[PDB]
């Protein structure tokens, strides 16, 4: 017999890796943990702005299965590496057309793609290597968005067959799951521990993704502030 469910007071964040985290909160009275876990899990996927490379045109290359003399990687591998780079647009723009150019012997990392329009968050990631008799020139399209947009929908919007359209996975949070574990409070069994596991693609850390989700929850609720 109570007029209020006990207010949980324990909270922990455990960093499993740079891209994964376990967030635990307890003790909740039975049913209350899940009452909150479900909406926060959903908000984790919708509360952070995402960016992705949507298309690329490589000078001297006709298609995504082509080759380039002077580049160690074939185009397919180049592209696989490019998709592992987590781009971010500098400023408030939704789309940037970025021109790149590299010459001479050169090993290109994420840090080498930082300029006025965009930045690569995982700057230590490798892209490609070119030899001394070569120049790699390409135009990259980076867009803001949410969710998954397949290459076909990109191609249509982009309007230019010289650009190789890319499948785009914009959402920073790739996985978010939870478990409701039983715990005791003052010797009684009717309590729970919420354990959320959050995995991002590296555009932001799991910690920030949860902060954005919690702020978003409060922002929605704030519409009720006036009696």
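Numbering follows the first chain given and starts at 1.
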When mean C-alpha B-factors in the record are compared for 155 to 163 and 183 to 191, the larger belongs to 155 to 163
Mean C-alpha B factor from the entry: is it higher for 73 to 81 or for 115 to 123?
115 to 123
Going by the entry, which third of its chain does the Cα temperature factor of residue 221 land in?
lowest
Ranking every modelled residue in this chain by its Cα temperature factor as given in the entry, which third contains residue 108?
lowest
What third of its chain's C-alpha B-factors does residue 9 belong to: lowest, middle or highest?
highest
Once the chain's modelled residues are ordered by C-alpha B factor and cut into thirds, is residue 23 in the lowest, middle or highest one?
middle
In terms of its chain's C-alpha B-factors, the third that includes residue 204 is the middle
